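Residue numbers (the numbering used here), protein chains in the order written: chain A, 7 to 37; chain B, 91 to 281; chain C, 2 to 376; chain D, 163 to 243; chain E, 380 to 509; chain F, 4 to 133. Just so you know, even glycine gets a beta-carbon here, dropped at the ideal spot from N, CA and C. First comes the structure, then the notes that go with it.
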Amino acid sequence: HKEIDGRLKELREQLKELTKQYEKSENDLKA
Amino acid sequence: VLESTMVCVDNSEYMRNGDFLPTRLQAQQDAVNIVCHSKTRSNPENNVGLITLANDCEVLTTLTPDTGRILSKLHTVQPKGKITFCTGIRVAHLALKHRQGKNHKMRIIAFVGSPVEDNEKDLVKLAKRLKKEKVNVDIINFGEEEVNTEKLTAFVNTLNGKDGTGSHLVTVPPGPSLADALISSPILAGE
Amino acid sequence: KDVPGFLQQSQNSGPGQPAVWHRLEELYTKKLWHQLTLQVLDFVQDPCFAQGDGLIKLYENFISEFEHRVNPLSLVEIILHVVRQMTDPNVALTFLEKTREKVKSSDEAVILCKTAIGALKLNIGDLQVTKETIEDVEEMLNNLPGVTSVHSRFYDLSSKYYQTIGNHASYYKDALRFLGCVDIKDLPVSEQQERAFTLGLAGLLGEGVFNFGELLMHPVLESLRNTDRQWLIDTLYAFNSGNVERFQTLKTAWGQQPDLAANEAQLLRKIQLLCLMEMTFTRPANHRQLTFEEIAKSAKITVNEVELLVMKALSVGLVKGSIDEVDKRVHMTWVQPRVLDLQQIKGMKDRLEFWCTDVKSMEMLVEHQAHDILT
Amino acid sequence: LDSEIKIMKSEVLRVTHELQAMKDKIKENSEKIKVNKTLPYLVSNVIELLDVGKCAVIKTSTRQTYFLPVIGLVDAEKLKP
Amino acid sequence: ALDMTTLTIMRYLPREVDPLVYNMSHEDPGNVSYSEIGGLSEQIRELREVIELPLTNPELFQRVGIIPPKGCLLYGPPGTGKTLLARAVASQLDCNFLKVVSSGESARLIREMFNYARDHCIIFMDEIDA
Amino acid sequence: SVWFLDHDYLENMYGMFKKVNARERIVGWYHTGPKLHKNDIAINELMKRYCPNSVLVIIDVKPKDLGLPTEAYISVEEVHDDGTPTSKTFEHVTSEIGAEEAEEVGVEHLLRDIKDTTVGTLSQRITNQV
Ligand SMILES: Nc1ncnc2c1ncn2[C@@H]1O[C@H](COP(=O)(O)OP(=O)(O)O)[C@@H](O)[C@H]1O
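Spelled out as C-alpha cells, the structure:
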C-alpha cells in the first residue's frame, strides 16, 4: 500500500517533532 | 453490568510457538485487544487492567476505563522467561481488591497458553480461596492442552461450585484464529 | 517442500533416532517453530555428531528455513554446536559473521557470537586481534542488566587468552570469575579437576596474587581432596599459611612440574612475602615489633636479607611500617587483609569478647562516678 | 497479504492513540504555560548573555540587574546582548 | 549572583564588558602587514632595536639594564607613519598593541588602564600633546 | 512474592509533585519495615524503571537511640570477583540527616521545649562521652 512507508515517515517526523516540543515544554515549566 | 477485569497474559518463551498465524504473540495481542474492546463497549464504566506472566509477575496497567493505553503497553510485550500462574493470579486478586471502584464484579481472564507447572493441592486451594473472595477466573487455553486441561477444569469447576456461571474455560487446540475463537465464545457472548 | 523432504528422508536416514524425527517433523509441520528448539539441543548434544557433515546439511536446510523466528541465544548456541564439528576455520569465521548478521536484535546473542569468533581466532593464533575482540566484547558486555551464561563464556574466553599469553594473574582473575558465573556441579568432574588445577597453578605463579584464601573454600577445589592431586591443595594451603618448611617438604613433587620447577625463585619469594604477612597479622598490636631473628626462624633466610625481603613487602604494599636495623627489628603498622578460616574468626570473636568486656567495665565506672551530673 | 493489514490496523490503532495522548497533554501543558505568562511583564533588556545551558544578565527597567540561570519561556533565539 | 531572598553568593560570573572597555583604548590584537609602510625603512630598522629586550635577556647576567628601556620616542612631524610604523614592527615581533590615548580623573583612569594591561606586548601610549 | 505496588498512582503523584515543584525527580523509594523482604529486590526493579539509580531507604518508625532512623540500600548485581554465585542483592549506602533552612526553623520550633543547649556545658560533655 502507498501508505505503509509514507505513514512510517510521517510518524517518525511527527514523533520527533512532538518529543522536541515536549523537551522545550517541560524545560519551560521547570524554568 | 459494572465490571472490573484483569487480563492476564502469558509472555513465556512458548509464545514463540507459531501455530496461530502469524505468531502466538500477535494472536494473543489481537485476542486481548478484542476482549478488552468488548468489555469496554458494554457499559463503558467497566475498567480493565493487564498483567504479564513472566519469570516474575508484573502489572502493566491497573484498572482503567481506557483501552488504548493497555493496547500500547501490551504491544511491547516480548516472549521471555517462564509462566508463574499462581503468582499472576494472586497479583490479579490484589489488583481487584485495590480497584478504585468497589461497585464492580470481579473478573480475571487469563491467556494462559503454557504448561502450568504448579502443585495440584495448592492449585485447588487457590481456586477455592478465589471462589470465597467471589472472583470469576475465565481461562483461555491455547497450547499444552493435553497437559493443563484437567487443571483448568479444576479451576473452573471449583470456582463455579454449583450453578456458578461466573468462571469459564475455553480451550482452542485448533488454530484457525484466536481472535475469532474468543469472539465466538461464551465469555464474550453474555456481554 | 525441501525441508519436509529432508525431514522425511532422515526420518530413517538420520543417525540413531528412530522416532524423534517423527516428533520433530510433526512439530515443524505444526509450525510451532520453537517447541523443537529444546529437542534440537537435547539431540545434538547426544554422542552421535562428532565428525559428520550431516549436521551441516541439517543446519543449512532446515535451520536456514527455520531461523527466521527462533530464540536468538539458542540459535547461536546450536550454531556453535554445528561449528564445533566443522574443521575449516577460514570459512568458519565467515559463517559465524553471517550468523551475527542474521542475529542483531539479541544483544546477548551478539555477545556470544563475538565470543565464539574471538575463540576461533585464538585457536588459530592471532593474539593481537583476539585481544582486540576481547576488549571490545568486554566493554560492550558491561552494558547488560545482570549476569548470564554469556558472561560465563566471555570469562572462559578471557581465561584461555590469558593462559596462552602467559598473563597468569589476569588468567587467575578471569577464570575465578568464570567459575563464579557457571554452576560448579553442571561441569564434568574432569572439567573441574582441570580448571581447579589451572587456577592453582596461576595463583601459585601470579604477579600480585597473594589471596590464596577464597580458593581453599571455593567449591571448585572439591575435586582434588581425594584425587591423586590433593598435593596441590596441600601446597596452596601452605602458601595461604606460609610454611616454607612445609613447602620445602612438598618440594618432593613440584620439581616434577616443569613450569613450577623453572619458576622456583618466584615461588620462594612469594611464599616468603606471604609468611611475613601472616606473621604480622598473627602478632597483636601490643608487640608487633618483629625481629630479624624471628623472620630468620620463619621463612628460611639468614639475617642479611630480611632487610631486602621487608623492603620488597613494603614496596609491593603487603605491609606498612619501618625497619630499625640498628636494633634489628621491624615495626609493622598494617597488613593487607585477606580471607580467613572459621578458627581465625573464632580468635577474632575471643578478642572482641575481651574488648567488649573492657568497654562495658569502663562505661559502668564512668556512669557510676558521674551519676550526679549526667543530664 | 495479512502483514499489511496488521500494520495498517493494530499499529494505527495504537500509534494514533499515543499521538492523541501526547497532543492532549501538550494542550494541558501549553494552557498552563499560557496561564503562567500573565500579561503584566516588566519590560527589560538582555544586556549580557552567558553559557554554562544558556543564562542571562537581564537589566530590568527598574534600574536593576538580575541574573537568570534559566532564560525562561523565550525561544533562545540568540538573544543578542 | 547573590540569592534574591537570603542574599547568598550562588555563583561567580565573568566580568561585565561595559561600553567603557573599547573606548578606553583596550584593543589587544590587530595587525595588517609589513609592506604597507612604503618608505620609513630606516626608522623601521632603528625601531627594531627594541626587539632585543624580549627575544633574550643578556641585560641580566653580566650587565644590568635597569629593566631595559621600554621603547624610543618616535619623534615625528605632524604625522608620517607613527601608528603604522609601530604596527609593522610589532607584527614582525609577533607582539600585540595596547594603544593608549593621553588626550586627577583621567590620570586615575589611565593608571588603572595600564594596571589592568600589564598583567597580560607593545604598549603604545601616545597623544601627549594637549 | 505477591504485591501490588501501584505504578499508575506513582506516576500520577509524581506528575502532580512535578507541577508543584520541578527540581524534585523520583530518586527512590522507602518502606517502613524494620527488616527487608524478598519483595524488596522486585520492587526496586520496578522502581528502576522510574529511576536508574533507584535507592531504597528503610525509615524505621520505631525510634531507636544510637543510630539514625534511615538505612539506605542500592541494588547492585555484578559478577562476584569472589568467584561465588551472584544474586541480585542490595548494598548499603551511607546515610545522613540534613535539613533545608526552612525545615531547620520548623524543627527547632517544634523541639524548643526539649532542646539541648547548642554549647558544651561540662555536664553535657561528660554525658556525651558516656
Ligand atoms: N609610509 C607610508 N606608506 C603607506 N601609507 C602611509 C605611510 N605613512 C602614512 N601612511 C598613511 O597615512 C596614515 C597615517 O596614520 P597614522 O600613522 O595613524 O597617523 P600619523 O601619520 O599622523 O602618525 C595611515 O593610515 C596610512 O594609510
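With a 10 Å radius around its C-beta and 16 neighbouring C-beta atoms as the bar for buried, classify residue i as buried or exposed.
i, result
"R128(F)", "exposed"
"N231(B)", "buried"
"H35(C)", "buried"
"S204(B)", "buried"
"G444(E)", "exposed"
"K241(B)", "buried"
"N47(F)", "buried"
"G215(D)", "exposed"
"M312(C)", "exposed"
"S223(D)", "exposed"
"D228(B)", "buried"
"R490(E)", "exposed"
"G36(F)", "exposed"
Please tell me whether, using a cut-off of 6 Å, the distance from the CB of residue i to the nearest non-hydrogen atom of ligand 1 is below it.
i, result
"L453(E)", "no"
"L463(E)", "yes"
"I220(D)", "no"
"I416(E)", "yes"
"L477(E)", "no"
"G458(E)", "yes"
"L426(E)", "no"
"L419(E)", "yes"
Return helix, strand or coil for residue i, following the three-state DSSP convention.
i, result
"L143(B)", "strand"
"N137(B)", "strand"
"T177(B)", "helix"
"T253(C)", "helix"
"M16(F)", "helix"
"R178(C)", "helix"
"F93(F)", "strand"
"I302(C)", "coil"
"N264(C)", "coil"
"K218(B)", "helix"
"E193(D)", "helix"
"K122(C)", "helix"
"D11(F)", "helix"
"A200(B)", "strand"
"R330(C)", "strand"
From the beta carbon of residue i, is the nearest beta carbon of chain B less than 7 Å away?
i, result
"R225(D)", "no"
"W34(C)", "yes"
"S4(F)", "yes"
"residue 1(F)", "For chain F, the structure presents residues 4 to 133; residue 1(F) sits outside this window and is missing."
"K103(C)", "no"
"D11(F)", "yes"
Check the Cβ-Cβ distances between residue i and every residue of chain C, and say whether any is below 7 Å.
i, result
"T92(F)", "no"
"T87(F)", "yes"
"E106(F)", "no"
"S126(F)", "yes"
"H34(F)", "no"
"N107(B)", "yes"
"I129(F)", "yes"
Hey, is residue i's beta-carbon within less than 7 Å of any beta-carbon in chain D?
i, result
"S162(B)", "yes"
"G158(B)", "yes"
"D11(A)", "no"
"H127(B)", "no"
Kindly say whether residue i, judged by its beta-carbon, lies nearer than 7 Å to any beta-carbon of chain A.
i, result
"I167(D)", "no"
"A25(F)", "yes"
"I195(D)", "yes"
Got a sec: is the Cβ-Cβ distance from residue i to anything in chain F below 7 Å?
i, result
"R180(B)", "yes"
"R339(C)", "no"
"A185(B)", "yes"
query = For the segment 174 to 187 of chain D, which residues have a CB atom closer than 9 Å to at least one CB atom of chain B, in sequence order?
reply = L175, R176, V177, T178, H179, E180, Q182, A183
query = Which residues, taken in chain order from the segment 199 to 212 of chain D, show a beta carbon closer than 9 Å to some beta carbon of chain E?
reply = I209, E210, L212
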